[PDB]
Structure formats: C-alpha cells, structure tokens
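Text of coords20.cif, listed as mmCIF, C-alpha atoms:
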```
data_structure
#
loop_
_atom_site.label_atom_id
_atom_site.label_comp_id
_atom_site.auth_asym_id
_atom_site.auth_seq_id
_atom_site.Cartn_x
_atom_site.Cartn_y
_atom_site.Cartn_z
CA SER A 1 156.18 24.61 265.00
CA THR A 2 154.95 22.75 268.06
CA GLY A 3 155.57 19.47 269.83
CA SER A 4 153.51 17.34 272.19
CA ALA A 5 154.74 14.28 274.10
CA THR A 6 153.27 12.11 276.79
CA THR A 7 155.21 11.80 280.03
CA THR A 8 154.77 8.68 282.17
CA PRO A 9 155.58 8.00 285.84
CA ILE A 10 158.47 5.56 286.27
CA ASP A 11 156.86 3.77 289.20
CA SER A 12 153.80 3.62 291.44
CA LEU A 13 154.99 6.56 293.57
CA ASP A 14 155.52 9.06 290.73
CA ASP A 15 159.20 9.23 291.71
CA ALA A 16 159.97 10.71 288.29
CA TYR A 17 158.49 10.92 284.80
CA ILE A 18 159.92 9.73 281.49
CA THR A 19 159.22 11.14 278.05
CA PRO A 20 160.28 9.46 274.80
CA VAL A 21 162.85 11.41 272.77
CA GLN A 22 164.10 10.61 269.26
CA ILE A 23 167.85 11.10 268.78
CA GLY A 24 169.81 10.63 265.58
CA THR A 25 169.20 9.19 262.15
CA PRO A 26 167.61 6.68 261.99
CA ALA A 27 165.89 7.61 265.23
CA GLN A 28 167.06 6.09 268.49
CA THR A 29 164.27 6.52 271.04
CA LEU A 30 165.39 7.04 274.63
CA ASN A 31 163.16 7.73 277.62
CA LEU A 32 164.42 10.91 279.25
CA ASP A 33 163.64 12.67 282.50
CA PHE A 34 162.62 16.22 281.57
CA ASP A 35 164.16 18.42 284.24
CA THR A 36 163.25 22.11 284.55
CA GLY A 37 165.91 22.34 287.29
CA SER A 38 168.92 21.63 285.06
CA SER A 39 170.20 22.46 281.61
CA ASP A 40 172.05 19.45 280.19
CA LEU A 41 170.63 16.88 277.78
CA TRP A 42 172.65 13.78 278.61
CA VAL A 43 172.17 10.13 277.76
CA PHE A 44 173.35 6.67 278.56
CA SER A 45 175.41 5.71 275.54
CA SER A 46 177.75 3.24 273.87
CA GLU A 47 180.48 5.18 275.72
CA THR A 48 179.06 4.61 279.21
CA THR A 49 181.25 2.43 281.45
CA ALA A 50 179.74 -1.04 280.98
CA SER A 51 179.41 -1.85 284.70
CA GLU A 52 177.39 1.35 285.15
CA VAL A 53 174.72 0.33 282.64
CA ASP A 54 171.92 -1.89 283.95
CA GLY A 55 168.91 -2.08 281.65
CA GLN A 56 168.92 1.43 280.16
CA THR A 57 168.54 2.04 276.45
CA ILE A 58 171.72 3.59 275.09
CA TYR A 59 172.44 6.14 272.38
CA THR A 60 175.07 4.90 269.91
CA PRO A 61 176.38 7.89 267.96
CA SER A 62 178.29 5.69 265.51
CA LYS A 63 174.91 4.36 264.29
CA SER A 64 173.57 7.87 263.60
CA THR A 65 174.35 9.40 260.22
CA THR A 66 173.71 12.88 261.65
CA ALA A 67 175.89 12.57 264.78
CA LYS A 68 179.08 14.62 264.95
CA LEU A 69 181.60 14.71 267.77
CA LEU A 70 181.74 18.19 269.31
CA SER A 71 185.50 18.12 269.42
CA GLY A 72 187.11 18.90 272.77
CA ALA A 73 183.84 19.38 274.63
CA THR A 74 183.26 17.67 277.97
CA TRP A 75 180.57 17.89 280.62
CA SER A 76 180.16 17.00 284.26
CA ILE A 77 177.14 17.58 286.45
CA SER A 78 176.16 17.05 290.05
CA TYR A 79 172.54 17.17 291.13
CA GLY A 80 170.89 18.23 294.38
CA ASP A 81 170.35 14.62 295.42
CA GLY A 82 174.08 13.89 295.24
CA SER A 83 173.94 12.02 291.94
CA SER A 84 176.24 12.85 289.04
CA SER A 85 177.34 12.03 285.53
CA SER A 86 179.97 13.16 283.02
CA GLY A 87 181.28 12.56 279.54
CA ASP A 88 181.82 14.03 276.10
CA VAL A 89 179.48 15.63 273.55
CA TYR A 90 177.95 15.01 270.13
CA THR A 91 175.64 17.17 268.12
CA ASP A 92 172.70 15.37 266.54
CA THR A 93 169.06 15.75 265.54
CA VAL A 94 166.68 15.54 268.50
CA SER A 95 162.90 15.37 268.29
CA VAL A 96 160.32 15.58 271.05
CA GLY A 97 156.68 14.94 270.26
CA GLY A 98 157.14 15.89 266.62
CA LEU A 99 159.28 18.99 267.26
CA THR A 100 162.74 18.68 265.75
CA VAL A 101 165.98 20.48 266.60
CA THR A 102 169.04 19.97 264.45
CA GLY A 103 172.50 20.43 265.93
CA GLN A 104 171.39 19.77 269.50
CA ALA A 105 174.16 19.04 271.98
CA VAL A 106 173.69 15.45 273.13
CA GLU A 107 175.94 14.82 276.10
CA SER A 108 177.15 11.22 276.06
CA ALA A 109 177.83 9.76 279.50
CA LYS A 110 181.12 8.04 280.10
CA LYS A 111 180.34 7.77 283.82
CA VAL A 112 177.14 7.87 285.86
CA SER A 113 176.65 7.56 289.61
CA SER A 114 174.97 4.58 291.24
CA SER A 115 171.51 6.16 291.49
CA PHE A 116 171.39 6.41 287.70
CA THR A 117 172.69 2.89 287.13
CA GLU A 118 170.12 1.51 289.57
CA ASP A 119 167.23 3.18 287.77
CA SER A 120 166.72 1.12 284.63
CA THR A 121 163.77 3.24 283.50
CA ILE A 122 165.64 6.53 282.96
CA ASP A 123 167.89 6.67 279.89
CA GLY A 124 169.10 10.22 280.60
CA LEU A 125 167.94 13.75 281.34
CA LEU A 126 166.65 16.58 279.19
CA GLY A 127 167.31 19.88 280.91
CA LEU A 128 164.79 22.69 280.61
CA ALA A 129 166.23 25.32 282.97
CA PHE A 130 168.16 28.28 281.52
CA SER A 131 171.15 27.56 279.30
CA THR A 132 173.43 29.55 281.64
CA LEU A 133 173.49 26.39 283.83
CA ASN A 134 174.66 24.09 281.03
CA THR A 135 177.88 22.35 282.07
CA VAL A 136 179.57 21.80 278.69
CA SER A 137 183.13 23.11 278.59
CA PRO A 138 184.83 25.00 277.03
CA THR A 139 181.83 26.08 274.93
CA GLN A 140 178.56 26.15 276.86
CA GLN A 141 175.63 24.61 274.98
CA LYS A 142 171.95 25.50 274.65
CA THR A 143 169.02 23.48 275.91
CA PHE A 144 166.56 21.81 273.58
CA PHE A 145 164.01 24.52 274.39
CA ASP A 146 166.44 27.34 273.75
CA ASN A 147 167.37 25.82 270.40
CA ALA A 148 163.71 25.26 269.46
CA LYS A 149 162.43 28.62 270.67
CA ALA A 150 162.71 30.73 267.54
CA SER A 151 160.85 28.07 265.54
CA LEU A 152 158.01 27.64 268.01
CA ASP A 153 154.61 29.21 267.43
CA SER A 154 154.96 30.75 270.91
CA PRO A 155 158.14 30.68 273.05
CA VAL A 156 156.68 28.44 275.75
CA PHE A 157 156.51 24.93 277.02
CA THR A 158 153.98 23.45 279.44
CA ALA A 159 154.17 20.72 282.05
CA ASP A 160 151.00 18.77 282.83
CA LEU A 161 152.15 15.99 285.14
CA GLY A 162 149.74 13.28 286.24
CA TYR A 163 149.08 11.86 289.68
CA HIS A 164 149.66 8.13 289.30
CA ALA A 165 148.91 8.63 285.58
CA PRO A 166 150.52 9.87 282.37
CA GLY A 167 150.61 13.56 281.52
CA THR A 168 151.94 15.83 278.80
CA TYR A 169 154.79 18.15 277.87
CA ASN A 170 153.83 20.58 275.11
CA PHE A 171 156.18 22.91 273.24
CA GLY A 172 155.10 26.05 271.45
CA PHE A 173 151.44 26.27 272.45
CA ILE A 174 149.09 26.38 275.40
CA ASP A 175 146.39 23.69 275.30
CA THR A 176 143.37 25.59 276.56
CA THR A 177 141.49 22.30 277.08
CA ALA A 178 144.07 21.01 279.57
CA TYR A 179 143.19 23.22 282.54
CA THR A 180 140.22 24.72 284.31
CA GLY A 181 139.61 28.39 285.03
CA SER A 182 142.35 30.86 284.16
CA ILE A 183 146.15 30.76 284.18
CA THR A 184 147.81 33.05 286.73
CA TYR A 185 151.21 34.30 285.67
CA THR A 186 153.96 35.27 288.07
CA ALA A 187 157.41 36.82 287.72
CA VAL A 188 160.55 34.75 287.24
CA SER A 189 164.12 35.53 288.24
CA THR A 190 166.72 33.87 286.03
CA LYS A 191 169.60 35.08 288.23
CA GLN A 192 170.42 31.56 289.44
CA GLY A 193 169.54 29.90 286.12
CA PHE A 194 166.29 28.39 287.40
CA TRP A 195 162.60 29.01 286.91
CA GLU A 196 162.63 30.88 290.21
CA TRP A 197 159.47 32.57 291.44
CA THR A 198 157.80 33.72 294.67
CA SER A 199 154.72 32.02 296.02
CA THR A 200 152.36 34.28 297.95
CA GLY A 201 151.70 31.85 300.81
CA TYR A 202 150.11 28.63 301.92
CA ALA A 203 147.33 26.86 303.77
CA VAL A 204 147.18 23.48 305.47
CA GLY A 205 143.99 21.52 304.90
CA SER A 206 140.93 23.66 305.51
CA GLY A 207 142.97 26.16 307.52
CA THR A 208 143.30 29.86 306.90
CA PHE A 209 145.70 31.04 304.23
CA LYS A 210 148.99 32.48 305.50
CA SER A 211 150.23 35.31 303.31
CA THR A 212 153.99 35.04 303.15
CA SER A 213 156.53 35.23 300.33
CA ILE A 214 158.20 31.89 299.53
CA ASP A 215 160.92 32.09 296.89
CA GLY A 216 161.54 28.78 295.14
CA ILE A 217 162.06 26.97 291.86
CA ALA A 218 159.67 25.08 289.62
CA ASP A 219 161.57 21.81 289.22
CA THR A 220 160.07 18.87 287.35
CA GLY A 221 163.21 16.84 288.09
CA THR A 222 162.65 16.87 291.86
CA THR A 223 160.07 14.45 293.26
CA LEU A 224 158.97 16.25 296.42
CA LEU A 225 157.95 19.68 297.67
CA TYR A 226 160.73 21.27 299.75
CA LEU A 227 159.69 24.31 301.79
CA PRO A 228 160.92 26.29 304.81
CA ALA A 229 160.99 24.40 308.09
CA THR A 230 158.30 26.64 309.59
CA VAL A 231 155.85 25.79 306.79
CA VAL A 232 156.65 22.08 306.83
CA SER A 233 156.28 21.87 310.62
CA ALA A 234 152.88 23.57 310.37
CA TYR A 235 151.78 20.98 307.81
CA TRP A 236 152.93 17.86 309.67
CA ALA A 237 151.58 19.13 313.00
CA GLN A 238 148.14 18.41 311.52
CA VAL A 239 148.94 14.70 311.09
CA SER A 240 148.72 12.59 314.25
CA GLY A 241 151.95 10.77 314.89
CA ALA A 242 153.97 12.54 312.21
CA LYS A 243 157.55 13.37 313.08
CA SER A 244 160.86 14.26 311.56
CA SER A 245 163.19 11.28 311.59
CA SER A 246 166.92 11.94 311.18
CA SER A 247 167.45 8.20 310.66
CA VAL A 248 165.01 8.08 307.74
CA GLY A 249 165.93 11.52 306.38
CA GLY A 250 162.76 13.56 306.80
CA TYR A 251 159.19 13.62 307.95
CA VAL A 252 157.40 10.31 308.29
CA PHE A 253 153.83 9.63 309.32
CA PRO A 254 151.68 6.65 310.25
CA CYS A 255 150.53 4.83 307.14
CA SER A 256 147.06 4.73 308.74
CA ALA A 257 146.75 8.53 308.47
CA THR A 258 144.54 10.55 306.20
CA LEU A 259 146.70 13.46 305.02
CA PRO A 260 145.40 17.02 304.74
CA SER A 261 145.72 18.96 301.51
CA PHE A 262 148.29 21.72 301.08
CA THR A 263 147.54 24.94 299.24
CA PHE A 264 150.13 27.28 297.74
CA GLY A 265 149.59 30.78 296.42
CA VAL A 266 150.33 32.03 292.94
CA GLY A 267 149.54 35.73 293.08
CA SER A 268 145.92 35.89 294.22
CA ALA A 269 145.29 32.37 292.90
CA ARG A 270 145.55 29.14 294.87
CA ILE A 271 146.74 25.66 293.85
CA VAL A 272 145.50 22.81 296.05
CA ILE A 273 147.65 19.70 296.44
CA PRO A 274 145.36 16.85 297.59
CA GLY A 275 146.52 14.97 300.66
CA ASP A 276 146.98 11.76 298.68
CA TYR A 277 149.67 13.45 296.55
CA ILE A 278 151.74 13.88 299.74
CA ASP A 279 151.85 10.12 300.50
CA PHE A 280 155.08 8.45 299.37
CA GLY A 281 154.29 5.14 300.97
CA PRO A 282 156.13 2.85 303.37
CA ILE A 283 159.70 3.85 304.17
CA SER A 284 160.72 0.21 303.52
CA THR A 285 158.64 -2.68 302.24
CA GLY A 286 155.97 -3.66 304.75
CA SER A 287 156.62 -0.78 307.14
CA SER A 288 153.74 1.06 308.76
CA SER A 289 155.80 4.28 308.69
CA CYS A 290 155.17 6.25 305.51
CA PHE A 291 157.37 8.91 303.92
CA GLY A 292 156.03 12.43 303.50
CA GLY A 293 155.90 14.34 300.25
CA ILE A 294 156.45 17.75 301.87
CA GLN A 295 159.91 18.09 303.38
CA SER A 296 162.11 20.83 304.77
CA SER A 297 164.39 22.76 302.42
CA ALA A 298 166.64 23.76 305.33
CA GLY A 299 170.19 23.02 304.26
CA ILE A 300 169.30 22.70 300.56
CA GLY A 301 169.61 26.44 300.28
CA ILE A 302 166.56 26.84 298.06
CA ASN A 303 162.87 25.97 298.19
CA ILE A 304 161.78 23.50 295.51
CA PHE A 305 158.34 23.19 293.97
CA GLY A 306 158.93 19.67 292.73
CA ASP A 307 156.54 17.15 291.21
CA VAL A 308 154.29 16.96 294.31
CA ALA A 309 153.38 20.60 293.72
CA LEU A 310 153.61 20.81 289.96
CA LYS A 311 151.40 17.79 289.27
CA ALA A 312 148.52 19.60 291.01
CA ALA A 313 148.64 22.27 288.27
CA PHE A 314 148.92 22.99 284.58
CA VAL A 315 152.23 24.90 284.45
CA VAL A 316 153.36 27.30 281.73
CA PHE A 317 157.08 27.94 281.35
CA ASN A 318 157.04 31.17 279.36
CA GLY A 319 160.41 31.74 277.73
CA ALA A 320 159.64 35.11 276.21
CA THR A 321 162.28 37.85 276.49
CA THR A 322 161.03 38.45 280.02
CA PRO A 323 160.27 34.93 281.27
CA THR A 324 157.29 34.17 283.51
CA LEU A 325 155.57 31.13 285.02
CA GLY A 326 151.86 30.40 284.78
CA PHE A 327 149.79 28.11 286.97
CA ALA A 328 146.24 26.88 286.48
CA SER A 329 144.14 24.33 288.29
CA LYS A 330 143.11 21.27 286.29
#
```

Can the structure in the file be given as structure tokens, please?
Amino acid sequence: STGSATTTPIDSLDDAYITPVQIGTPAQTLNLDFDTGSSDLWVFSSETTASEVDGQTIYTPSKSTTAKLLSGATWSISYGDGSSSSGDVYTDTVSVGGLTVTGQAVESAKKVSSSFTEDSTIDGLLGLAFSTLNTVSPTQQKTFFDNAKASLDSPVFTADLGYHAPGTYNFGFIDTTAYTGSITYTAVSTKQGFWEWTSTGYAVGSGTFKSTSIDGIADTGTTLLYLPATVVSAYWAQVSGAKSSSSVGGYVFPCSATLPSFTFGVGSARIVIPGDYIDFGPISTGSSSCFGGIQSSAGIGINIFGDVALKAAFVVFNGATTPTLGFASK
C-alpha cells in the first residue's frame, strides 16, 4: 500500500503545516501537524476542556462506530517550545492520503496549553519520530508510520514541504518526479528516539564550505533551523545590522536587508536554503525589525533541522531495519 497527502502552511510565514487526516467511521477529518520530532498522535476532541477549544475541529469518539476506549491508558507530552497536552486514549481507524491503519492509538486531549488553543488551524499532531518516544502509559503505543510499515510497498515516508506553498507527505514510495538530481542518504541514530543525523558542514551565501560535523534532528514540527552558536553567528555576521536580541528571543535583522543563502552538507552533497526562506518577517506588526529563521540551539541541547531547512529539500525518512535519511534538491 501507499498514501499521499497534501500538506499546507497554516499562515503566510510557514509557521507550521497541516495535513488532513481521516479518523473513525464515518470519517472525521482533522487537520494535523505531522511532526517527525515526536511520536504521539493526539487530537482536540469532545473531551477537551471547553475553554481550551477555540475554533479547532474536534474528534468525537462516541460518533465513531470503530472507536474503542483503550482502558486505563493516559498520555501527557511537553514539547521543546514549552507547549503541552494530555488526556486519554482510543483506538480507531486512521487514514492519511488513502493509506489506512486500523487500531491506531488516537490520543484524545483533555487539556492543551495556550499555544494550542490559540492556534485555530491545528487540530492535533501526528508524530512520526520513533515509537520509543510515545508517551502513552502504561502501555506505550506505536506511531501511524510504525503501524503502517509492514503494509507499505517500501518502509519509507517522504516530506516535501513548500515555501509559501503546499507540499506533500508520501507513505510507502519515493516519487522520483518530486526532486532533481540524486538522493543522498546518511546514517541515523535512533538512540534518542529522533531522526538524528550528522551534517557534514555549512556555507554562508557564496562563501567557502566549512567541513564540520553537526549532529541534529530532522524535525518537521519545528519551524526554524537551530544550529550551534558559532555557525549562527557566522551567518548573521553577513547581514548588516543583524543582532541577537535577548528581549525578542533571538537574532533579528533589518527588514530592509537582503538575506544570504545558507548551505548545509549531507555527505558530499549540499542543500541550499535561499535567503528568503530565512525571513520570518516583522517581530510585531509594522516593525522594521525582522525575525531570523536561523537561530542558536545553545540551551536547547540539540541542533534542529526544522522546516526552514527541510523545505529546501525532498527528504526521505527510511524506516528500514537500519533507518537512514535521504536528502535531494528540488
């Protein structure tokens, strides 16, 4: 089997991407944030505290003939941005782009933090990291991909995120028309439960490539590119007037600037992030200070190849017995 679904930016900045997901019988379609940095499929639901719902579409298990309470199971998750959610668990039929999993754990939120409530466009998350990170207790649950894997034509999924445009998540096949040149594969460590890999270096604009190992995670659920302070300083030094602002929470730059590109290495291959992808616009409405899309990972504890990086590539998440990651230009 295979599946193919379009993923759409939630706003004009590509802050996140939503993908329609069919849950239950008859189908309830919710727009979920596919997150290769976590491993829970959770949804706004008929159980979510009413004051914490503001415009989201909810899953109502009582209206699904295939829903079953997973008795005694609870979940609770905290994300890198400080947001969180928790609740109980149903199993139900879940389909993505024509690919169906029966008996998928659907984590029903009883509580969500303010960031989720305030984002009316995201009805929940669909985790695509390794199932070892799944938070369901006392019986850990598998991700949608892990459940689907044995049925897939090939044990892979691909992320093809757009810049200010829709893109695609495919399951079970590699669309050879969706990228240019060849795909370069690189080793993955699953030791922390992430799609963790080591970039071979970077360049700023038209500058020379610096060969240096940068361990980080491929994370579709993180907006920006978070890299070591040395690398980030080297980038922003090439933008007149750019500075790190503790009051704003990162690097800002004059909105009048033209940003240089940023290149990262994948083995001997190179992925170029155009300068425009690094512009996250005014820090507040009408400001002439703009927020940067490359930020320091210092104090996160891990480097994160988030959407800024991933959307510059066609990315293969190879879930074979020995997982790997592939990157191609597009």

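By all atoms listed in the file, and with residues fewer than 3 positions from residue 153 in chain A along its chain excluded, the set lying at most 9 Å from it is residues 1, 2, 149, 150, 156, 171, 172 and 173 of chain A.
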
Point out the residue among A:226, A:195, A:253, A:209 with the least atom-to-atom distance to residue 318 in chain A, counting all atoms listed in the file.
A:195

Applying the PyMOL selection byres ((chain A and resi 91) around 6) to the file I just gave you, which residues come out? Please list them as a PyMOL selection string.
chain A and resi 67-68+90+92+103-106

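Between CA of residue 132 in chain A and CA of residue 308 in chain A there is a distance of 26.2 Å.
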
Given the file above and the PyMOL selection byres ((chain A and resi 85-89) around 10), which residues are selected, and can you give them as a PyMOL selection string?
chain A and resi 41-45+47-48+67-79+83-84+90-92+104-114+116+124+135-137+141

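The residue that comes closest to residue 264 in chain A, out of A:301, A:9, A:193, A:205 and on the basis of all atoms listed in the file, is A:205.
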
Shortest interatomic distance to residue 119 in chain A - which of A:182, A:31, A:212, A:199, counting all atoms listed in the file:
A:31

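The set of residues that the PyMOL selection byres ((chain A and resi 190) around 10) takes from this file is residues 129, 130, 132, 187, 188, 189, 191, 192, 193, 194, 195, 196, 197, 322, 323 and 324 of chain A.
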
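For the residues A:168, A:258, A:62, A:19, ranking by smallest atom-to-atom distance to residue 95 in chain A using only C-alpha atoms places A:19 first.
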
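Rounded to one decimal, CA of residue 121 in chain A and CA of residue 81 in chain A lie 17.7 Å from each other.
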